Amino acid sequence: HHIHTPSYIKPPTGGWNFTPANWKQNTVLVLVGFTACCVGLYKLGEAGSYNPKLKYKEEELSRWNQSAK
Amino acid sequence: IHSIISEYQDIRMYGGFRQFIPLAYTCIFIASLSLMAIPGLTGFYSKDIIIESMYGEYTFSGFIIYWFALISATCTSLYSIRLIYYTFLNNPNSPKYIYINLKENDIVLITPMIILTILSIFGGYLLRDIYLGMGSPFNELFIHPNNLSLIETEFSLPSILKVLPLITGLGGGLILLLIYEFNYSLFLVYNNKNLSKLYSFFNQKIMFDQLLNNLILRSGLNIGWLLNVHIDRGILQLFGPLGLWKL
Amino acid sequence: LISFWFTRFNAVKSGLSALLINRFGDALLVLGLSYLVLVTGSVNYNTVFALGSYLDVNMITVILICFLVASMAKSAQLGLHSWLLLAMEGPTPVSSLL
Amino acid sequence: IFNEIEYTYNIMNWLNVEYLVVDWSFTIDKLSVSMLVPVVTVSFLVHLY
Amino acid sequence: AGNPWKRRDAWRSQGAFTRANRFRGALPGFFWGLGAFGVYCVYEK
Amino acid sequence: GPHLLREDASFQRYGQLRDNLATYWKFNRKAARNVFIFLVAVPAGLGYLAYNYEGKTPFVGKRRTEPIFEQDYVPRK
Amino acid sequence: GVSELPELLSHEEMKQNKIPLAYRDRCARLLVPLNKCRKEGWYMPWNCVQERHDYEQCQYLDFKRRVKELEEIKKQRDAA
Amino acid sequence: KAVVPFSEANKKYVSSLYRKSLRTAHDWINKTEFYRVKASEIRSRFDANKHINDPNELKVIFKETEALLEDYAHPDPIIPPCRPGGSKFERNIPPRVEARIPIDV
Amino acid sequence: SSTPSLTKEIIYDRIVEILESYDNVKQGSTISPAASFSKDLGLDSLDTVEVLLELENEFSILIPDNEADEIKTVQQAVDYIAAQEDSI
Amino acid sequence: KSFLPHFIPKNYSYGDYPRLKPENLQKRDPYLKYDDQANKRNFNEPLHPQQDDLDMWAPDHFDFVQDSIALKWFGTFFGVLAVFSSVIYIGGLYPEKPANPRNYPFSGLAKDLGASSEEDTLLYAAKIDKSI
Amino acid sequence: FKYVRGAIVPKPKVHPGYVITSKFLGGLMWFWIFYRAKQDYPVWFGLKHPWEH
Ligand SMILES: CCCCCCCCCCCCCCCCCC(=O)OC[C@H](COP(=O)(O)OCCN)OC(=O)CCCCCCCCCCCCCCCCC
Ligand SMILES: CCCCCCCCCCCC(=O)OC[C@H](COP(=O)(O)OCC[N+](C)(C)C)OC(=O)CCCCCCCCCCC
Ligand SMILES: CCCCCCCCCCCC(=O)OC[C@H](COP(=O)(O)OCC[N+](C)(C)C)OC(=O)CCCCCCCCCCC
């Protein structure tokens, strides 16, 4: 068919149906990275998030409106 | 478009596809009916109430927009019928070698459509009370008390309006279907200069695209040219290098 | 996405038509935010919405007219809609998602 | 939507120019999650398609 | 002359493009959905 | 290096001309029509708006002292 | 079991129920059992049947109340 | 210029006006049965004036035939997708074949 | 299976389908790869362009005025169609 | 028909630069062979002084109808809706309300619409239900 | 393979993998439409009220 000039054109996204010979090996190295980070992102999400409707009770707000008055 | 081997997109080069790709046709059929707000579907339970609330506002603007919206519901029921017939029920326009080589697509391409079809049959009904519920707490959307007309939209509307979109929807659909099927000679519009002018205007999208480019964009680029000619290489060079060299 | 087939001349310019017309609204959206800082000194939801009634009616109009013009670009309403039908140069999945 | 709960992850501060303070804060109210169903659901099927 | 392609456009209206076939079941599963609906009257009543 | 560009004789004239428009420019009645608009007409028009409102816009924390909605209804019928 | 408009709530009651502003009216009292059930019923089209039906009829009477009170003003136009 | 009937170049002009005529009919008429009827007529309108031995008589028709097409031109002609103006024109052009001349920057 | 190419054999068997259904072909002078539209088959200037217009629709391409007038045989149609990227 | 876009000059004299009538390169026949097939230009062809406004990269030019005719059709179409909206407004053909606008208890929910005392009230109040 | 010259297009036989699926999918539509209609043809047209049982 046609020629991809693949000797030199090596963009990060491959180019023209690019697939490396050792693609099965690298994917498991990548599938770990997606799994490593998704698990990592779940930890931070639980630890660093909060509910912004329960930090202050209405009993505390009721003093704020009157104090500003 | 994937199935037809020529990968055409003009529905004037389609025809009689309903049996060679029955699965693709049904997805359009169920979706279009959901788009056209057939009773019991999902688009019905969301689009129809809006058309009522244009009239339920009982102001001048609500009345005028009511007909613009109602025409939109009408045209929706019309260009859908035009789209479905021209591509699935019409006399074939593509060559025969296309029809002998017309197949559906792989199972990976098929799965997403069927799943969206089911939502287009059941999604709207299940979710209706979550959003349109009478008094459901949704303070993220704030409605000032003097702007609530959901009560009068549902209780006070004339009994003929509640069916008006659908009656001109499918009832007007059949009439166009017959013309496209039995009496197509009416639509040979190139002979009629009134219809050709009308067809050209709306096919060219209100001539808005030509107005933008020929007038607005080019004038915007022209002001760049006049600044680039009479100012930057013009008066500033006269009161600059070229002018002072002459003096 | 719209100009994904960058070798195609039509897809290149239709991608530019989408970006420039949208940046028209984006300029108005920025101007709306500045009047939101000018009036309330904030762009938070918890703050600005808590002050809606107390603010001058003219000021809300200046902010929201800018929001409307920006929203006309993205939702492709009349006046800033020429790009919407030029967007079909992208692949069919792009049109479905966008 | 059903349990009347809200989530807010605040990564860090973005702008701190005198009174104008802006965070990299992400919240999920009823409306934010009312829009994440149409977005993520459709986009997942689009990618699968 | 007058339509020299008569024998060419024969198949655009014959075989699977006969008008009976073109509109044959254009409403997908009408009678299956219709047939089921009657049964729910039998099931409920 | 190796002159990796197929230089064009016509593009070079076009590039030569576009970078030397100052030479052929004249201060005819057309240029003054444009020059007046951009250097005087626009600056003065904006210069008036800038100075007219310079200090007349106390929009910081502006308050509302006038109702938005209407109270009583007066039907035509 | 609703046939006529019920008694209005009190100001303090709405605070504890956080009833939305646009629906703080005479029919607000029949809103609270409905809203509570929908939250426990996921706003489904079958888990709040009679509570929802009672409320819609309440808004009907609340709407039909204003119909008589709309015509009453229209007669006062005929005064002069 | 002048029009010389029965010359090869003059015939090709009439051939070109024929592709303009039938394609324009094809653009407006979207049913084959209706199209053949109108396409038959155009040829009859094209073949009735087949015999002309005069320059000036023929040039008026060329003036008229251009006007007939311009007023009847479709505002959205059908184009094959891979032909210029089509939906798939220039898509996925194979890259140019050429040697990379390295430069010592 | 997807669409299996378009080789000259399938091209030839479809052009003949055009001329067989076109009844303006002179009787006798069977459709042959060496035939001539005007000499053998018997078509005039306005007739040949009808065949060209039908041929370009059958193969879903657009033959420009420059090359359509160059095609004078049935083989030249086969060799012209085969040398195109959109002949489907 | 085949008209050139706006603001292209009729004449120009930039000294010794060649004079040539403007040609809208977007409208060249896409089937003819070119040295630069994408730009539809042949090598060493001269350029107009404003050739940047007359090529494939400039904004697309549409010549189906005259730029004046497009205004007539455009303004007429919205002009038609203007009379449809005007006559109803001038005639007052839109229907009257079938019920009184929705009223609200507790002084129109004045306090619940961000009011403090009874002096302002009407500033923040909704439609007052005076008919409890 | 070979192109058969001068033939009609017969009633195509696609795999009932696609045919049955489209029929069930379509049937799932209409059956739902009827099911809602019998229970909401009053309310849809406004001729009755939901609490008029
Ligand atoms: C952007 C912000 C501004 C930045 C720049 C600010 C300063 C710019 C000043 C611009 C003023 C000069 C520009 C216009 C003069 C151009 C000269 C010219 O065009 O030629 C006219 C003539 C030359 O004769 P000719 O060979 O025929 O050329 C004709 C070509 N049209 O020329 C003449 O006939 C002579 C004209 C009268 C000469 C009178 C001499 C009076 C004294 C000279 C002025 C001194 C200024 C400095 C003073 C302190 C110096 C120590
Ligand atoms: C919120 C921030 C998100 C950032 C994440 C970035 C993901 C995308 C990376 C693309 C890399 C790539 O591959 O682009 C390079 C691609 C590769 O082409 P190819 O398909 O590999 O084929 C290869 C053969 N070509 C090249 C002949 C087709 O070609 C290009 O030069 C395309 C033009 C430049 C694209 C610039 C995109 C940059 C992303 C936007 C940055 C804000
Ligand atoms: C208040 C604003 C102050 C801004 C700065 C001052 C103006 C800038 C002038 C640029 C000069 C220039 O361009 O010098 C270079 C220029 C000429 O150009 P060239 O390079 O030889 O090419 C162009 C030559 N041609 C025509 C052959 C192609 O030489 C001269 O004309 C020499 C005389 C210049 C005197 C400068 C006096 C400055 C006085 C300023 C107070 C009025």
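Above: the structure in question.
Residues numbered from 1 in each chain as written, not as in the entry; some residues may be left out. Chains lettered and ligands numbered in written order. Part of a larger assembly, values for the part shown. Heavy atoms only, no water.

Novice: Can you help me understand the pairing of strand β2 (residues 20-28) of chain D in this one?
Specialist: On a regular strand, one side chain projects to one face of the sheet and the next to the other, so that they alternate. Residues and elements named next belong to chain D. With eight bridges joining them, strand β1 (residues 7-17) and β2 adopt antiparallel strand pairing. Opposite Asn10, over in β2, you have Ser25 as the bridge partner. Between β1 and β2, which follow one another and run antiparallel, lie two residues, and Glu18 among them has a positive phi close to 35°. (Pairing = 2+ DSSP bridges. Helix = DSSP H or I, 4+ residues; strand = E, 2+ residues; numbered from the N terminus.)

Novice: Would you mind going over the packing of aromatic side chains with me for this structure?
Specialist: Aromatic ring pairs are reported here in terms of the distance separating the ring centres and the angle at which the planes meet. Within the structure shown, the criterion is met by 66 aromatic pairs over all chains. Summarising the aromatic geometry, the rings of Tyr125 of chain B and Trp32 of chain K are spaced 5.4 Å apart at their centres and angled 75° between planes, so their arrangement reads as edge-to-face. Taken together, the positions of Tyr125 of chain B in helix α5 (residues 107-131) and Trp32 of chain K in helix α1 (residues 16-45) put the pair across two chains. Here the two residues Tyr125 of chain B and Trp32 of chain K agree in accessibility, since each one is buried. One aromatic cluster is present, built from ring pairs that chain together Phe44, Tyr45, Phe122 and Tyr125 of chain B, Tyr40 of chain E together with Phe31, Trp32, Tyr35 and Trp44 of chain K. Above the ring of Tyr97 of chain B, the side-chain terminus of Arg14 of chain I is found at 4.6 Å from the ring centroid. (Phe/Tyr/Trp six-rings, centres within 6.5 Å; stacked < 30°, edge-to-face > 60°. Buried < 20%, exposed > 50% of the residue type's maximum accessible area, 1.4 Å probe, protein only. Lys NZ or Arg CZ within 6 Å of the ring centre and 35° of its normal.)

Novice: Is there a simple way to think about the interface of chain B and chain J in this case?
Specialist: You'll often see interface size given as the accessible area lost when the parts meet. The partner chain J presents 41 residues to the 35 residues of chain B that form the contact. Carbon and sulfur atoms make up 71% of the surface buried where chain B meets chain J, a total of about 3,400 Å² over both sides. It is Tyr58, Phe60 and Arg218 of chain B in chain B that bury the most area against chain J; as a group they hold 20% of the surface buried on that side. Counting across the interface, chain B meets chain J through zero salt bridges. Of all the secondary-structure elements, those providing two or more residues to the side of chain B that touches chain J are α3 (60-89), α6 (150-155), α8 (193-203) and α9 (208-238) of chain B. In terms of residue count, the dominant contributor to the side of chain B that touches chain J is α9 of chain B (13 residues). Among the residues making up the side of chain B that touches chain J, the classes are represented as 20 nonpolar, 11 polar and four charged. (Contact = heavy atoms within 4.5 Å. Buried area = accessible area lost by both parts, 1.4 Å probe. Salt bridge = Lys/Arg side-chain N within 4 Å of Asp/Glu carboxyl O. Nonpolar A, V, L, I, M, F, W, Y, C, P; charged D, E, K, R; others polar.)

Novice: In this structure, what is going on with a nonpolar patch on the surface? I would like to understand it.
Specialist: Residue and element names in this part refer to chain D. Judged by side-chain polarity, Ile5, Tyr7, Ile28, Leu36, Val39 and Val40 come together as a nonpolar surface patch covering roughly 510 Å² of accessible area. Per-element accounting of the nonpolar patch gives the leading share, three residues, to helix α1 (residues 30-48). Its relative accessible area of 34% is what places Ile28 among the partly exposed residues. (Patch = residues over 30% accessible without salt bridge, like charges linked within 9 Å, V, L, I, M, F, W, Y side chains within 5 Å. Areas by Shrake-Rupley, 256 points an atom, 1.4 Å probe, with all protein chains shown as cover.)

Novice: Would you mind going over the site of ligand 2 with me for this structure?
Specialist: Neighbouring residues of ligand 2: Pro11, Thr13, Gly14, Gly15 and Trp16 of chain A together with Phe6 of chain C. Lying at an intersection of chains, ligand 2 is approached by residues of chains A and C. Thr13 of chain A has a polar side-chain atom sitting 2.3 Å from an oxygen atom of ligand 2. Look at ligand 2: alone it shows 910 Å² of surface, and the protein chains cover 26% of it. Of the residues assigned to the shell around ligand 2, the class counts are three nonpolar, three polar and no charged. (Near = heavy atom within 4 Å. Polar contact = N/O pair within 3.5 Å; in protein donor to acceptor, adjacent residues only side chain to side chain.)

Novice: Honestly, the pattern of salt bridges in this entry has me stumped. Any pointers?
Specialist: A side chain with one charge may pair with a side chain of the opposite charge, provided their charged atoms come close. Enumeration over the complete set of coordinates arrives at 44 salt bridges over all chains. A salt bridge links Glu96 of chain J to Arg76 of chain F; the shortest N-O distance between them is 3.4 Å. You can see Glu96 of chain J sitting in the loop between α1 (67-91) and α2 (105-109) and its partner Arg76 of chain F sitting in the segment after α3 (29-52), one on each of two chains. When its relative accessible area of 37% is taken as the criterion, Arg76 of chain F is described as partly exposed. Across the pair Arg65 of chain G and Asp62 of chain G runs a salt bridge whose closest N-O atoms are separated by 3.6 Å. With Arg65 of chain G and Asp62 of chain G both in helix α3 (residues 50-77) and three residues apart, this pair spans about one turn of that helix. Judged by its relative accessible area of 3%, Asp62 of chain G is buried. Through salt bridges that share partners, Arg8, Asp9 and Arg12 of chain E, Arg36 of chain H together with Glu17 and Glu54 of chain I make up one connected network.

Novice: Is there a simple way to think about the sheet that holds β1 of chain D in this case?
Specialist: If you walk across this open sheet you meet the three strands as β1(A)-β1(D)-β2(D), and the pairing is antiparallel. Since the sheet does not close on itself, it has two edges, and those belong to β1 (49-50) of chain A together with β2 of chain D, each with one partner. Where β1 of chain A lies against β1 of chain D, two bridges are found, and the strand directions are antiparallel. Residue pairing across strands places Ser49 of chain A opposite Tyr9 of chain D, the latter belonging to β1 of chain D.

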